[PDB]
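Coming up, as structure tokens: structure 1 and structure 2, two forms of one and the same protein chain.
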Structure 1
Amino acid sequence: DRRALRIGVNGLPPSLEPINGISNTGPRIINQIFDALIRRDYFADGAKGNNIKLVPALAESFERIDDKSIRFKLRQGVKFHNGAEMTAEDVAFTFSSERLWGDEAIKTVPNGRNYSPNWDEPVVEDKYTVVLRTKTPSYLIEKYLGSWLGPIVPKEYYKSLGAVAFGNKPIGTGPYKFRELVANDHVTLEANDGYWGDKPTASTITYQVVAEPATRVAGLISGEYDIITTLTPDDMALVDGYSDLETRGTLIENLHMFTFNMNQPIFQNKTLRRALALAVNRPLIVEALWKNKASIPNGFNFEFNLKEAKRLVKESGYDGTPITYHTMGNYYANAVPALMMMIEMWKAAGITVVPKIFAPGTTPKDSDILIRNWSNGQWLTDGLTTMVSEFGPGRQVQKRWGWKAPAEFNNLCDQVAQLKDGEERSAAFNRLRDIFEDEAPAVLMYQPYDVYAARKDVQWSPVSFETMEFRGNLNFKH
């Protein structure tokens, strides 16, 4: 029999419904349960897990018709885990108004429209042929369909349950099928021996929440886990002297940041937000805590000034009231050590910030949040599109977190979705970046160097994204 794989994780997603589970913790599970029309071939052409190449997966082939539509020829005989055959009806449902982007859909799939292009309703042409299309021109459709938007869901089963219940009992076409969920504890998957692609190599995969990185390292050493997630470069020393273990790391296409609840009076205006941003010496943090392996971003592409931060603190009228910084422990690698360094930096600017460490499983009330840490996946190669997906008009930073973005910012967000790459689009990018930095609705810290640790007897390479790929990349040694 095949070996059981045990993964010690930083957390579980709130749902296994593909869109509702988008987070640092979901894709590593969702990628196993589902397939998309298109897969990212991370290891193509000898790449070290970072190739952006997209290849056919549930679509056997596809051909663009015009600037707003693509015809897909689906792979035949593919079965969902309940035995139902995957047809054009399921692909059309996946990208339908009813499930994904309509007004009613987004009440149970809240980011269905935010993470989509401007879809029009899919057209089913025959059992294995579907046209996916946008209402306005888009040369990103294939990219969206190969992203975390893309998992194909079973129409009849999904409709019978609704998105919330489907998220607790998912059915997909992927190499591992859902077995069990214990909230805040684990998810167990089992091999899908009916898989259409390469046969799964593990009998079961268990994702077990172990909140603290030191405790995860101890469980790898003790033999409780085969792979552990969400470590830092500094954790590499803790594995010194274990011949059977190693670290495996890579830069990933994710930005660690901090952000604000701009409904709060102290953060309704930009002045103090920008002071908090300018006070941070990001190179010092990268040197200190990341062994210079994390990467300071060039904005949202796929300045430390303490003098100006002090000036803005005084201009803001800030009165010395302690400002909390909410962090779910070290859910983000290096969260608490980085916060400690930033608290020192903020003190030097005249701002008192204190940690508010909350437990795994707890969702603070939005009204208790002043500053919080967060991350954003860079989930398409087009960084403008992913920035807009969180910071644009009607998206969550404005709608939920109260950022009163300048009208010009919102105007340019709309313009860049219609412009082709070139001079005008890059000029809009530059101006959006300047406004974003002036407004400081969030502050980008760095792209983390994601570190896993694993048994040498489990052959598996990381990829440059907040997920785990096992296709062609999970072999057990004797």
Structure 2
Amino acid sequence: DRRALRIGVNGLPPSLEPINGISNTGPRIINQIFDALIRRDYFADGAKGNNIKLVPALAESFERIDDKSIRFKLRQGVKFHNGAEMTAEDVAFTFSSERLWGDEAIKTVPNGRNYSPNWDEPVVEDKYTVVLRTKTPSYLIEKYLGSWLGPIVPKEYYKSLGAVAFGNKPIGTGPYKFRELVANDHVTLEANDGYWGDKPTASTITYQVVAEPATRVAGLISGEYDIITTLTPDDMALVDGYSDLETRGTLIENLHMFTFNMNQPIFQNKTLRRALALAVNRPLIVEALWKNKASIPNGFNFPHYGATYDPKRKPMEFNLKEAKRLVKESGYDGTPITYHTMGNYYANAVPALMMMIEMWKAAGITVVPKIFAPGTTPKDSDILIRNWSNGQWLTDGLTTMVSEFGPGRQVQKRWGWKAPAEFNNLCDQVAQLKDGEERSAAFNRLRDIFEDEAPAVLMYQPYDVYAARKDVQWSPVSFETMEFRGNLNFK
């Protein structure tokens, strides 16, 4: 009689619909309810949960037919949790203008176009064959289908409810079906014994919201939870001191940074943006606040980008002397510059800021915190510097230097970054090219322009800490999610 798995979590997503549920807390539940056409095999070839290999999943097989289309042959006889059969109608609907990237679709799925390539309408060729295609060249279609965009939704059930209502009673093909939701309290899923893959190893999975990390640690010790999420390196000594418990940490594919409202005169040019960037001592912050567990990326560059990761790229320079020279050159008059942070929404946001204020003070710059309260939306005109995070959500360099800093995106259109014409032309080229010498060199060049312009200042890649009973064999993955396929066994 399979064990019931209980996870003490920091929170639940606003929705369980695949796209509207994208958040820190959603993928760990969504990944169990749905399957995609392509699955990231994180543990392939002995990898410690950080492999980027993409393998077939609801797609039995696929072939790329040109620089913008792929023909998919789907697995046959696979059912959704409502008993409806999964067909090309459902895969076409999932990536259709109707549900995902059309003008009317983004009214209820706001990020449908933002998390998508330049889609063209899917083509249903037969019951189990579908061509998925872009209007312009794209060798990233496979990476996108193996991403948090990929989950396949049932067409008729999804249409009869709409995206918002579907988010509260989701139906997928995954190993665990939805049972119940108590808003901001718990989600319970039950084993789908009609699953097409291996039999699910837990009878139920309950995601129990426990707000304080101390109460979650207490619940792991008392026997209330099997796994607990959202801990820091500081909680590792207490948890590991118990013989029957252990922490299981991993670097996650996220990026903490600070950025600027470049519509403000003081940030309309790169000079003070770069002085602020060079005065920051990233290894001191990482040692003081993260017990040396977080990683400082060697540019806008991470191993999970695959072919567009450069392991020879020199690290971000810390140069107080050059920062001092750029402050005088900018004509900075000494007016305090605000740094908007919503308390500690991002882990260690306020302590990292307080360290950086001293670093900026050494360079001759007064930066003051503007700790806004939860539920407040500071207006754009009142922001100078602000903290930010960016999920590096594709196994490619496209996200987020091109997806957030590229042409027509947030940092240029809303926050006023006047990017050089070269940066924008290289952003459009890497979106269309196949991996190789040209695409990698273009990514190296984009990183050089990003560092010289400083539209944002990368701080570090955070380290996520889980804790679990030694009688539950489960390893975290290097992404903000939980994978139980081939990764959950009870001793």
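The first residue in the sequence of structure 1 is number 1, and each one after it adds one. By rigid core we mean the largest C-alpha set that fits within 1.5 Å across both forms.
Hinge residue for the rigid-part rotation between structures 1 and 2, picked from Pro448, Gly146, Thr87, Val353: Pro448. A rigid-body turn of 21° separates the smaller part from the larger between structures 1 and 2.
The Cα position of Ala417 changes by 3.0 Å between structures 1 and 2 once both are aligned on the rigid core. Relative to the superposed core, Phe95 moves its CA by 0.1 Å between structures 1 and 2. Here the rigid core is superposed, and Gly377 then shows its C-alpha moved by 1.5 angstrom between structures 1 and 2.
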